[PDB]
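Structure record follows, encoded as structure tokens.
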Number of protein chains: 4
Amino acid sequence: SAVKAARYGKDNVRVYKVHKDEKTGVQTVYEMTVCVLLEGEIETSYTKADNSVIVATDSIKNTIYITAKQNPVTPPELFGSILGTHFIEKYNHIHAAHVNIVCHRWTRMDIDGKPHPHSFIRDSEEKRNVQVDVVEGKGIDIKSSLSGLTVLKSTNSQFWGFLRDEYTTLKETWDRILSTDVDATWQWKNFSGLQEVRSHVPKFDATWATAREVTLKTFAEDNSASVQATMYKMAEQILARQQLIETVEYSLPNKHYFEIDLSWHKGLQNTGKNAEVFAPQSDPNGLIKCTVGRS
Amino acid sequence: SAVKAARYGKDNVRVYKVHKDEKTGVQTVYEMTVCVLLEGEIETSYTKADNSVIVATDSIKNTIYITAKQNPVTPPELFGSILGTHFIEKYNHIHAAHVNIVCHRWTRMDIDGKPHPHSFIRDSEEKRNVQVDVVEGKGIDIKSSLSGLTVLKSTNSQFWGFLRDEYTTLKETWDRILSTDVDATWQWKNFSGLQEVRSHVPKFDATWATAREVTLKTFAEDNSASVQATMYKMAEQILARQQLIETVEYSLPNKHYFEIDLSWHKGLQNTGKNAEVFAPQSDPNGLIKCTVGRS
Amino acid sequence: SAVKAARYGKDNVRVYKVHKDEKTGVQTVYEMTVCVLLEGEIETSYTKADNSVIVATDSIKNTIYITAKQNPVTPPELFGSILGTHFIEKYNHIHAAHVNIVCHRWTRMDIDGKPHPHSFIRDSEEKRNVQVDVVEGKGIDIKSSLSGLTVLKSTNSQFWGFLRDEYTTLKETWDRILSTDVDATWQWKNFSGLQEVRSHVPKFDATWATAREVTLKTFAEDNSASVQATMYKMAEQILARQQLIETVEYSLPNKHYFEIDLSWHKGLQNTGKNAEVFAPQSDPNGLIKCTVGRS
Amino acid sequence: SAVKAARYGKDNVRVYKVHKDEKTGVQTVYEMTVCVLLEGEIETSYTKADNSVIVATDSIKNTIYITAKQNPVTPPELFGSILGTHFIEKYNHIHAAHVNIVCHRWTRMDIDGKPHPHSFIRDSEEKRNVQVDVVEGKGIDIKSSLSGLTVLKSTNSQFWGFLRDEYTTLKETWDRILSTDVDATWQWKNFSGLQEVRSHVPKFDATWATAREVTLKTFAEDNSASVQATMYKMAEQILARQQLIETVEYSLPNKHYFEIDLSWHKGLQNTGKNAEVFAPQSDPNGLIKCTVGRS
Ligand SMILES: O=c1[nH]c(=O)c2nn[nH]c2[nH]1
Ligand SMILES: O=c1[nH]c(=O)c2nn[nH]c2[nH]1
Ligand SMILES: O=c1[nH]c(=O)c2nn[nH]c2[nH]1
Ligand SMILES: O=c1[nH]c(=O)c2nn[nH]c2[nH]1
Ligand SMILES: [Ar]
Ligand SMILES: [Ar]
Ligand SMILES: [Ar]
Ligand SMILES: [Ar]
Ligand SMILES: [Ar]
Ligand SMILES: [Ar]
Ligand SMILES: [Ar]
Ligand SMILES: [Ar]
Ligand code: NA
Ligand code: NA
Ligand code: NA
Ligand code: NA
């Protein structure tokens, strides 16, 4: 047998960084979880117990904290590119660095209507993520995402006109609840290297803001024919709003809220126009995926 | 052998309710998870396979949905009181109903600076909870809480002058990170029954808002001597601002953020006044608890 | 305002210990998660920023590791008793130590039908737990438990003859699935102190083994009238088999498996005697509790 | 813009099936979680609100329960192939069915040393999984796996000879703890369709048994030079033992157990040969991946 593929490194590296403006006393905090996996001429660590080719996962962990000390950790697209570039440049025999970052929310507190200089709240488990693949000779491939953005609308969702056969029980509806956990990913044009990533740094925060704003507005305002039709509208707007993105991907659960027929109890009316009380369904869930690109 | 205590019922009952204003078109959503456990003359269900005494957990589930249909689900102190009162009043042999409610956040979306009439975001995993114990002959005992309120301050936390002996390694500090998940409970004066709960309804939302505001402002503004000293100031203020509360209880983890000595690497300075990059510790954690009452 | 209750210490302390027999080469591993909370004359740490009274949670953490180094970590009732006794004996102003231990399974691997000397599998998420409350002047109160013991029987469960009224939809059944996660606790007679705990050491492993054996055999063999009736028979037998236990407590979810009527599809029969395919329900769940003591 | 890729369906479908031998009274239970995602000529559901092309996720859920009623649910490779084949054959415009199955453990109880006819224990959260991709014109691609197999050895693990530079702090060791959660995947030769999958049905259970046996024996017996070197030995043995597999993939966390220097406390010796008490590290973790094929 032979090694067809291999990658290794350190996962679940928790990092915090603080910025202190000594002039204003304003502090800004950043918290992330980092994974770095390396590829290269490392076959022999698997086949021949040749540890000489292994940059120790412990050393990869140290390198994450050192890089965080010596560079901005924002935007995560840039930090990931710096960290990935370090490994392929430092080590002749390392040819790819795969850097995943989950960014945790620390939103500045407003106390008596003024932003507090050094106190933060985790407003939601919503994440901002990157996958940065730094490949020697093939530049830097960046996927950006937001995930765990949990939303519900109580009307202006519909689902009718779907295929009906001997497997179908679902009633058509012209008025339902729609609730999802938004996972939205935008795939950047290939970058030639760290210089080109740096040249575009402001577009990262901007495009995340756009993706989040388009997601929330389209969800709120679309009189939805389906998850499919609504998610496509989000993707096409994001593409129209950032030329450097090639594709937008959505992965959306349909988190069902079922009507509860109470007519067995004192003729209580709680269906159709009378529906007030619903049973949120933990499982199963619809799962709807799309990747949208330019025509 | 004999039954010394027994309670039974339905846990993890997910409930959603919508209110629709037909004049303004504005919709408001409520989502909770409910547990109801019953006590009474039920020992024979355990000792003698006497199911005649069981109000089926399935029937308790139906009753939660029916009660939500026929009553306001807010504030949760009132809904719990109504639900618990139902069981002890309806069934001669049921003498206690223990109602736990977890309220899930659905915060109205602002789209283009305007509140949306029917679109919501889960803006934190923070919960608002009640435990309502309805006991025949002994009234209604309510504990109200907020939980999952995750906060961090980057400075204006200290920990020095603790006991130092042969078990002590911790360095004194005059400037550290403090981060916690706030679990805060306020225990109401005993209520005689549902009428007395109804007479205090506005105080529930008001006291929750006070508890949250005091928590956030005190956390942000206190130059903290310890978790102990800071949580005590929160509890004090809440007691001073609602005379119908007997006690305020805090349970606070100390979610440690450790400095990282990088001086082994090219003499990099990242401790004391140079500390920028920290290692968030998943475990272990300080756990600090208080119950504060009136002098 | 005044402190009515306070306790503080270190939670989520992960501990591993290995025993190595140098003669046989056989190694034995223990892994636990420990929480120690202290009470005593500590109110001034809350009211007056008086840290002089705090045994640092960091120091409690060190003490857990040192105690594990200097004593057996098994049975957990003994280790907890030793750990708790340390704090109240060492520190004049500490009057109570509350020790919780979760024991993680590391079961020796059988390789080619032979027990391996140093290789282990986590063969369930089932835990063995203790809560050891060491209170100066009032001895040592131990609750022992098994939890996370997940079981299912496919028949020989029934539920009929429960109360039927206008809230009732549940059909009587003489043949259903029963599945639960067993949480079983046995409360020991108060011990005068560490000497008395040491005098009963063999009874801890023996009573845990009895509790587990009775749970499994009674679950498997009882033609169950209800969760209530089955859990009571378990508690009875355990009380009858260890006179040093005062009470046995069960907390059992009813993890519902619902029949699926498929008769709408080509007249497929999948209910009653034809029931083969079921929908496991994540939520809600029955929750049935008992505490059984001696007549 | 345009749809580059799309797939949709139902996730987290919990299924239970029982087999009853009426002759012997022996019952056998199976429990799984199923996901089915469909591809085909469905672009217009996204682009034009054309729901005519949507087989409702609700209908996909019904189809899972009907297929489970009408077919064996074991081995999961076969059930997945039947379920996937159903969608591409039933619907002209559906061209691929992607079927993921997680199999949950229900191990028959031994009561007084005899296997019980209808009582089961969940021995471990270890899963057996399949990914079955049924693609019209391109046959059936099956990945089989075991996951969540949690193991530890207390010695006969080493890690020395790794690269040392200005980023390295890790001490070489000739005797450490090694603990992992095994995720092992074997990729089958492409099958032309359901007939060819059926022709190989016994190899599925056999190859799972082999994979699990090789994993446990190699882990227990290898005097490990690294995770890399040990996982490669497992993969090469599985390939040698089943000709119909093309690749074996392992993904292994290195779940670190750190020594605790206690020499600051009464010169306590707990390092190197004296190491008894360790701190299990929740995070970060080494992550080591390999895909092995034939040379
Ligand atoms: O088995 C190991 N492999 C590695 O790559 C590694 N790096 N640090 N420790 C390690 N252990
Ligand atoms: O065993 C049971 N106990 C109960 O109290 C119950 N209620 N519904 N189903 C039930 N099953
Ligand atoms: O605020 C704190 N309280 C404590 O009791 C403590 N112990 N270690 N660190 C601490 N921080
Ligand atoms: O938005 C929806 N899309 C679907 O594909 C679907 N299927 N059932 N319900 C549904 N809702
Ligand atoms: Ar960070
Ligand atoms: Ar959507
Ligand atoms: Ar609700
Ligand atoms: Ar605090
Ligand atoms: Ar241990
Ligand atoms: Ar039971
Ligand atoms: Ar199944
Ligand atoms: Ar391994
Ligand atoms: Na390189
Ligand atoms: Na009553
Ligand atoms: Na004492
Ligand atoms: Na087809």
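In the structure tokens, chains take letters A, B, ... by order of appearance, with residues numbered from 1 within each chain and ligands from 1 in the order shown.
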
**Message:** Would you mind listing, as a VMD selection string, all residues of chain A that have at least one atom within 6 Å of chain D, where only C-alpha atoms are what counts?
**Reply:** chain A and resid 1 to 13 46 49 51 to 52 54 to 55 57 59 161 to 163 167 to 168 225 228 to 229 232 236 283 to 295

Keeping C-alpha atoms, export the residues of the selection given above as a CSV table (one decimal), in the first residue's frame.
chain,number,residue,atom,x,y,z
A,1,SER,CA,0.0,0.0,0.0
A,2,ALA,CA,1.0,3.7,-0.2
A,3,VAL,CA,-0.1,7.1,1.1
A,4,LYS,CA,-2.6,8.7,-1.4
A,5,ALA,CA,-3.2,11.8,0.8
A,6,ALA,CA,-2.0,13.0,4.2
A,7,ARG,CA,-2.4,16.1,6.3
A,8,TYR,CA,-1.8,16.8,10.0
A,9,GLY,CA,-1.6,19.5,12.6
A,10,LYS,CA,-3.3,21.2,15.5
A,11,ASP,CA,-7.0,21.6,15.9
A,12,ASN,CA,-9.2,23.5,18.5
A,13,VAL,CA,-6.5,26.1,19.3
A,46,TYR,CA,3.4,7.3,8.2
A,49,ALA,CA,8.4,6.0,11.4
A,51,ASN,CA,9.6,11.8,12.5
A,52,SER,CA,12.3,14.1,10.9
A,54,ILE,CA,7.2,16.2,11.3
A,55,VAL,CA,6.8,19.8,12.4
A,57,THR,CA,1.6,19.7,16.2
A,59,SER,CA,5.2,23.6,17.5
A,161,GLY,CA,-47.1,23.4,-6.2
A,162,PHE,CA,-44.6,20.7,-5.1
A,163,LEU,CA,-44.8,17.1,-6.7
A,167,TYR,CA,-45.4,9.1,-1.1
A,168,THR,CA,-46.9,12.6,-0.4
A,225,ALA,CA,-42.2,30.5,-2.4
A,228,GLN,CA,-34.8,27.2,-2.5
A,229,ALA,CA,-36.2,30.4,-4.1
A,232,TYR,CA,-31.1,31.9,-4.4
A,236,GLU,CA,-27.4,36.4,-6.5
A,283,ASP,CA,-35.9,16.6,14.1
A,284,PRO,CA,-36.2,15.7,11.3
A,285,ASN,CA,-35.4,18.9,9.3
A,286,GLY,CA,-35.4,19.8,5.7
A,287,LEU,CA,-31.9,20.5,4.4
A,288,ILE,CA,-31.5,22.8,1.4
A,289,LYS,CA,-28.2,23.5,-0.4
A,290,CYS,CA,-27.2,25.7,-3.3
A,291,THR,CA,-24.0,27.0,-4.9
A,292,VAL,CA,-24.6,30.0,-7.2
A,293,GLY,CA,-22.0,31.4,-9.6
A,294,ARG,CA,-22.0,33.9,-12.6
A,295,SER,CA,-24.0,32.8,-15.8

**Site check for ligand 13: residues at most 6 Å away, only C-alpha atoms and all ligand atoms, as a ChimeraX atom specification** = /A:88-89,91-95

Which of stretch 43-276 of chain D DSSP labels helix (DSSP H, G or I), written as a compact mmCIF listing (two decimals) with C-alpha atoms, in the first residue's frame:
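Output saved as states_1.txt:
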# COMPACT_ATOMS: atom_id res chain seq x y z
CA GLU D 43 -32.48 24.44 -10.80
CA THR D 44 -35.90 26.05 -11.49
CA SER D 45 -37.07 25.55 -7.83
CA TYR D 46 -34.21 28.01 -6.91
CA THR D 47 -34.35 30.40 -9.93
CA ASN D 51 -41.93 23.83 -6.96
CA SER D 52 -43.16 21.22 -9.58
CA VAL D 53 -39.60 19.70 -9.61
CA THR D 57 -38.53 16.82 1.99
CA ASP D 58 -41.62 15.63 3.95
CA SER D 59 -42.22 12.99 1.17
CA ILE D 60 -38.49 11.98 1.33
CA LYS D 61 -39.02 11.42 5.12
CA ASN D 62 -42.14 9.27 4.42
CA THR D 63 -40.12 7.34 1.76
CA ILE D 64 -37.38 6.56 4.35
CA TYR D 65 -39.95 4.98 6.77
CA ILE D 66 -41.73 3.07 3.90
CA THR D 67 -38.39 1.69 2.55
CA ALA D 68 -37.43 0.63 6.14
CA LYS D 69 -40.83 -1.19 6.37
CA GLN D 70 -40.37 -2.97 3.00
CA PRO D 76 -26.60 -0.04 6.21
CA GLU D 77 -24.62 -0.17 2.88
CA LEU D 78 -27.52 -2.21 1.41
CA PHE D 79 -30.35 -0.12 2.96
CA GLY D 80 -28.65 3.08 1.70
CA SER D 81 -28.27 1.61 -1.82
CA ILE D 82 -31.98 0.52 -1.91
CA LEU D 83 -33.15 3.97 -0.65
CA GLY D 84 -30.89 5.91 -3.09
CA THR D 85 -31.85 3.65 -6.04
CA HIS D 86 -35.58 4.26 -5.27
CA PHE D 87 -35.29 8.06 -5.83
CA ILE D 88 -33.29 7.99 -9.14
CA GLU D 89 -35.58 5.20 -10.54
CA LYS D 90 -38.93 6.67 -9.28
CA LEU D 194 -28.17 -2.27 -6.64
CA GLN D 195 -27.74 -5.81 -8.08
CA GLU D 196 -23.93 -5.59 -7.67
CA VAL D 197 -24.24 -4.14 -4.14
CA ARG D 198 -26.58 -7.02 -3.21
CA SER D 199 -24.10 -9.56 -4.67
CA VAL D 201 -23.84 -8.04 1.01
CA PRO D 202 -21.91 -10.34 3.44
CA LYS D 203 -18.64 -8.37 2.82
CA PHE D 204 -20.14 -5.23 4.48
CA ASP D 205 -20.53 -6.67 8.05
CA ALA D 206 -17.30 -8.68 7.51
CA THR D 207 -15.17 -5.63 6.52
CA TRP D 208 -16.59 -3.50 9.37
CA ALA D 209 -15.65 -6.32 11.80
CA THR D 210 -12.13 -6.51 10.22
CA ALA D 211 -11.66 -2.71 10.37
CA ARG D 212 -12.69 -2.63 14.06
CA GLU D 213 -10.56 -5.72 15.01
CA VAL D 214 -7.43 -4.40 13.16
CA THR D 215 -7.92 -0.91 14.73
CA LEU D 216 -8.07 -2.30 18.31
CA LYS D 217 -5.26 -4.92 17.95
CA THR D 218 -2.81 -2.53 16.16
CA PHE D 219 -3.56 0.23 18.72
CA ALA D 220 -3.00 -2.21 21.66
CA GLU D 221 0.11 -3.99 20.24
CA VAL D 227 0.01 8.50 15.52
CA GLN D 228 1.07 8.66 11.81
CA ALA D 229 3.06 5.37 11.93
CA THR D 230 0.40 3.43 13.92
CA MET D 231 -2.62 4.57 11.78
CA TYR D 232 -0.75 3.59 8.54
CA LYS D 233 -0.29 0.00 9.92
CA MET D 234 -4.07 -0.20 10.56
CA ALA D 235 -4.91 1.03 7.02
CA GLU D 236 -2.45 -1.32 5.23
CA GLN D 237 -3.84 -4.41 7.11
CA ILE D 238 -7.48 -3.53 6.24
CA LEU D 239 -6.56 -3.13 2.52
CA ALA D 240 -4.72 -6.53 2.62
CA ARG D 241 -7.90 -8.12 4.14
CA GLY D 272 9.11 10.76 33.86
CA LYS D 273 9.29 7.31 35.54
CA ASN D 274 7.45 8.79 38.59

Determine, counting only C-alpha atoms, which protein, DNA and RNA residues have an atom within 6 Å of an atom of stretch 100-115 of chain B; residues of the same chain fewer than 6 positions away are not included. Present the result as a PDB file with N, CA and C atoms, in the first residue's frame.
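Generated output (out_18.pdb):
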ATOM      1  N   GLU B  31     -41.191  31.691  22.250  1.00  0.00           N
ATOM      2  CA  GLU B  31     -40.804  30.268  22.197  1.00  0.00           C
ATOM      3  C   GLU B  31     -40.185  29.874  23.527  1.00  0.00           C
ATOM      4  N   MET B  32     -40.616  28.732  24.040  1.00  0.00           N
ATOM      5  CA  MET B  32     -40.181  28.238  25.362  1.00  0.00           C
ATOM      6  C   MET B  32     -39.993  26.719  25.321  1.00  0.00           C
ATOM      7  N   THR B  33     -39.377  26.192  26.375  1.00  0.00           N
ATOM      8  CA  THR B  33     -39.353  24.762  26.643  1.00  0.00           C
ATOM      9  C   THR B  33     -39.893  24.580  28.047  1.00  0.00           C
ATOM     10  N   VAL B  34     -40.850  23.685  28.188  1.00  0.00           N
ATOM     11  CA  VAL B  34     -41.635  23.566  29.438  1.00  0.00           C
ATOM     12  C   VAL B  34     -41.423  22.174  30.012  1.00  0.00           C
ATOM     13  N   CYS B  35     -41.333  22.131  31.338  1.00  0.00           N
ATOM     14  CA  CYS B  35     -41.361  20.885  32.118  1.00  0.00           C
ATOM     15  C   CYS B  35     -42.419  21.059  33.206  1.00  0.00           C
ATOM     16  N   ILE B 121     -34.667  37.373  15.114  1.00  0.00           N
ATOM     17  CA  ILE B 121     -33.314  36.776  15.206  1.00  0.00           C
ATOM     18  C   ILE B 121     -33.142  36.247  16.621  1.00  0.00           C
ATOM     19  N   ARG B 122     -32.466  35.109  16.744  1.00  0.00           N
ATOM     20  CA  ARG B 122     -32.002  34.631  18.067  1.00  0.00           C
ATOM     21  C   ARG B 122     -30.691  35.368  18.387  1.00  0.00           C
ATOM     22  N   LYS B 127     -30.917  32.847  28.204  1.00  0.00           N
ATOM     23  CA  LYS B 127     -32.298  32.419  28.512  1.00  0.00           C
ATOM     24  C   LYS B 127     -32.865  33.307  29.610  1.00  0.00           C
ATOM     25  N   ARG B 128     -34.187  33.397  29.625  1.00  0.00           N
ATOM     26  CA  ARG B 128     -34.944  33.851  30.806  1.00  0.00           C
ATOM     27  C   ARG B 128     -35.770  32.664  31.287  1.00  0.00           C
ATOM     28  N   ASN B 129     -35.697  32.345  32.573  1.00  0.00           N
ATOM     29  CA  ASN B 129     -36.249  31.090  33.115  1.00  0.00           C
ATOM     30  C   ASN B 129     -37.164  31.413  34.291  1.00  0.00           C
ATOM     31  N   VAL B 130     -38.093  30.502  34.547  1.00  0.00           N
ATOM     32  CA  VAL B 130     -38.808  30.448  35.846  1.00  0.00           C
ATOM     33  C   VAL B 130     -38.864  29.015  36.336  1.00  0.00           C
ATOM     34  N   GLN B 131     -38.894  28.882  37.659  1.00  0.00           N
ATOM     35  CA  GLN B 131     -39.332  27.670  38.368  1.00  0.00           C
ATOM     36  C   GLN B 131     -40.520  28.085  39.226  1.00  0.00           C
TER      37      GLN B 131
END

When the cut-off is 6 Å and you count only C-alpha atoms and all ligand atoms, which residues lie near ligand 7, shown as a PDB file with C-alpha atoms, in the first residue's frame?
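Full text of part-v1.pdb as output:
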ATOM      1  CA  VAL B  15     -43.876  25.568  22.636  1.00  0.00           C
ATOM      2  CA  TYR B  16     -44.213  28.468  20.174  1.00  0.00           C
ATOM      3  CA  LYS B  17     -46.983  31.066  20.275  1.00  0.00           C
ATOM      4  CA  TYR B  30     -42.776  33.529  21.984  1.00  0.00           C
ATOM      5  CA  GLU B  31     -40.804  30.268  22.197  1.00  0.00           C
ATOM      6  CA  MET B  32     -40.181  28.238  25.362  1.00  0.00           C
ATOM      7  CA  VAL B  73     -47.510  32.797  27.706  1.00  0.00           C
TER       8      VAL B  73
END

**Request:** Using atom CA of residue A:155 and atom CA of residue B:124 as the two end points, give the distance in Å to one decimal.
**Result:** 22.4 Å

**Asked** Do you have the atom CA of residue B:186-atom CA of residue B:147 distance handy?
**Response**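 Between atom CA of residue B:186 and atom CA of residue B:147 the gap works out to 11.9 Å.
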
Per-residue nearest contacts of chain C to ligand 11 (12 Å; only C-alpha atoms and all ligand atoms) as CSV:
residue,atom,partner,partner_atom_place_in_ligand_line,distance
C:257,CA,ligand 11,1 (Ar),12.0
C:276,CA,ligand 11,1 (Ar),9.5
C:277,CA,ligand 11,1 (Ar),7.3
C:278,CA,ligand 11,1 (Ar),8.3
C:279,CA,ligand 11,1 (Ar),9.4
C:280,CA,ligand 11,1 (Ar),10.0

**Asked** Near residue A:245, counting only C-alpha atoms, which residues have an atom at most 6 Å away, once you skip same-chain residues fewer than 2 positions from it, shown as a VMD selection string?
**Response** chain A and resid 187 to 189 242 to 243 247

Just N, CA, C and O atoms for this one: save the residues we selected as a PDB file, in the first residue's frame.
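Listing of out_12.pdb after writing:
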ATOM      1  N   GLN A 187     -16.808  32.215  -1.910  1.00  0.00           N
ATOM      2  CA  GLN A 187     -15.514  31.692  -2.380  1.00  0.00           C
ATOM      3  C   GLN A 187     -14.827  32.812  -3.162  1.00  0.00           C
ATOM      4  O   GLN A 187     -15.400  33.275  -4.160  1.00  0.00           O
ATOM      5  N   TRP A 188     -13.661  33.233  -2.696  1.00  0.00           N
ATOM      6  CA  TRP A 188     -12.885  34.308  -3.358  1.00  0.00           C
ATOM      7  C   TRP A 188     -12.230  33.763  -4.615  1.00  0.00           C
ATOM      8  O   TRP A 188     -11.788  32.611  -4.612  1.00  0.00           O
ATOM      9  N   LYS A 189     -12.057  34.638  -5.608  1.00  0.00           N
ATOM     10  CA  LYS A 189     -11.039  34.455  -6.665  1.00  0.00           C
ATOM     11  C   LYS A 189      -9.749  33.954  -6.010  1.00  0.00           C
ATOM     12  O   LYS A 189      -9.364  34.503  -4.976  1.00  0.00           O
ATOM     13  N   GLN A 242     -20.087  42.028  -4.991  1.00  0.00           N
ATOM     14  CA  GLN A 242     -18.622  41.865  -4.801  1.00  0.00           C
ATOM     15  C   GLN A 242     -18.042  41.072  -5.969  1.00  0.00           C
ATOM     16  O   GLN A 242     -18.213  39.847  -6.017  1.00  0.00           O
ATOM     17  N   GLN A 243     -17.359  41.762  -6.887  1.00  0.00           N
ATOM     18  CA  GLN A 243     -16.814  41.185  -8.145  1.00  0.00           C
ATOM     19  C   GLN A 243     -15.731  40.133  -7.847  1.00  0.00           C
ATOM     20  O   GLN A 243     -15.485  39.263  -8.709  1.00  0.00           O
ATOM     21  N   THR A 247     -18.262  32.369  -6.195  1.00  0.00           N
ATOM     22  CA  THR A 247     -19.493  31.607  -5.862  1.00  0.00           C
ATOM     23  C   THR A 247     -19.980  32.001  -4.469  1.00  0.00           C
ATOM     24  O   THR A 247     -19.156  32.425  -3.628  1.00  0.00           O
TER      25      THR A 247
END

**Prompt:** What separation in Å, quoted to one decimal, exists between atom CA of residue A:116 and atom CA of residue B:178?
**Reply:**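 Atom CA of residue B:178 lies 14.9 Å from atom CA of residue A:116.
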
**Asked** as a PyMOL selection string, which residues of stretch 84-116 of chain A does DSSP assign to strand (DSSP E)?
**Response** chain A and resi 94-104+107-111+114-116

What would the file look like if the residues just selected were written as a tab-separated table (two decimals), in the first residue's frame with N, CA, C and O atoms?
chain	number	residue	atom	x	y	z
A	94	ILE	N	7.26	21.38	3.36
A	94	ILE	CA	5.81	21.65	3.53
A	94	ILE	C	5.32	22.47	2.34
A	94	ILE	O	5.91	23.54	2.05
A	95	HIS	N	4.30	21.94	1.66
A	95	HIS	CA	3.83	22.44	0.34
A	95	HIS	C	2.40	22.98	0.45
A	95	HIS	O	1.97	23.63	-0.50
A	96	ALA	N	1.68	22.73	1.54
A	96	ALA	CA	0.33	23.32	1.72
A	96	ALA	C	0.03	23.47	3.20
A	96	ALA	O	0.50	22.63	4.01
A	97	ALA	N	-0.61	24.58	3.53
A	97	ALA	CA	-1.11	24.86	4.89
A	97	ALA	C	-2.60	25.15	4.76
A	97	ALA	O	-2.98	25.97	3.91
A	98	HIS	N	-3.41	24.41	5.50
A	98	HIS	CA	-4.88	24.52	5.48
A	98	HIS	C	-5.31	25.10	6.82
A	98	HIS	O	-5.12	24.41	7.85
A	99	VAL	N	-5.82	26.32	6.80
A	99	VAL	CA	-6.06	27.11	8.03
A	99	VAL	C	-7.55	27.36	8.15
A	99	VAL	O	-8.12	27.98	7.25
A	100	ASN	N	-8.16	26.83	9.20
A	100	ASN	CA	-9.58	27.07	9.50
A	100	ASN	C	-9.64	27.97	10.73
A	100	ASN	O	-8.97	27.66	11.72
A	101	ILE	N	-10.45	29.01	10.66
A	101	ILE	CA	-10.63	29.92	11.83
A	101	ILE	C	-12.12	30.10	12.04
A	101	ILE	O	-12.81	30.44	11.10
A	102	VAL	N	-12.53	29.88	13.28
A	102	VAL	CA	-13.86	30.28	13.79
A	102	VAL	C	-13.67	31.51	14.65
A	102	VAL	O	-12.94	31.42	15.64
A	103	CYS	N	-14.34	32.61	14.31
A	103	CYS	CA	-14.33	33.88	15.08
A	103	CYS	C	-15.55	33.96	15.98
A	103	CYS	O	-16.68	33.72	15.48
A	104	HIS	N	-15.32	34.17	17.28
A	104	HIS	CA	-16.35	34.22	18.34
A	104	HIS	C	-16.76	35.68	18.58
A	104	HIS	O	-15.88	36.57	18.49
A	107	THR	N	-19.06	41.61	21.43
A	107	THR	CA	-19.66	42.90	21.01
A	107	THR	C	-19.54	43.87	22.18
A	107	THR	O	-19.86	43.49	23.32
A	108	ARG	N	-19.02	45.07	21.93
A	108	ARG	CA	-18.85	46.09	22.98
A	108	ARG	C	-20.20	46.37	23.65
A	108	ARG	O	-21.18	46.59	22.93
A	109	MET	N	-20.22	46.36	24.99
A	109	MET	CA	-21.39	46.74	25.82
A	109	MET	C	-21.70	48.23	25.68
A	109	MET	O	-20.75	49.03	25.70
A	110	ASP	N	-22.98	48.58	25.55
A	110	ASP	CA	-23.48	49.96	25.74
A	110	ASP	C	-23.99	50.04	27.18
A	110	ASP	O	-24.87	49.23	27.53
A	111	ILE	N	-23.40	50.89	28.01
A	111	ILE	CA	-23.82	51.08	29.42
A	111	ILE	C	-24.37	52.51	29.55
A	111	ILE	O	-23.62	53.44	29.23
A	114	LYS	N	-23.84	54.59	26.32
A	114	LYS	CA	-22.46	54.90	25.86
A	114	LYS	C	-21.67	53.60	25.68
A	114	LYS	O	-21.67	52.77	26.58
A	115	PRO	N	-20.88	53.45	24.59
A	115	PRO	CA	-20.05	52.25	24.40
A	115	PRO	C	-18.96	52.17	25.47
A	115	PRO	O	-18.20	53.11	25.63
A	116	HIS	N	-18.88	51.05	26.17
A	116	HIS	CA	-17.90	50.84	27.27
A	116	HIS	C	-16.52	50.52	26.71
A	116	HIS	O	-16.36	49.71	25.79

**Item:** For residue D:151: contacts at 6 Å, only C-alpha atoms, fewer than 4 positions along chain excluded, given as an NGL selection string
**Value:** (:C and (120-121)) or (:D and (179-180))
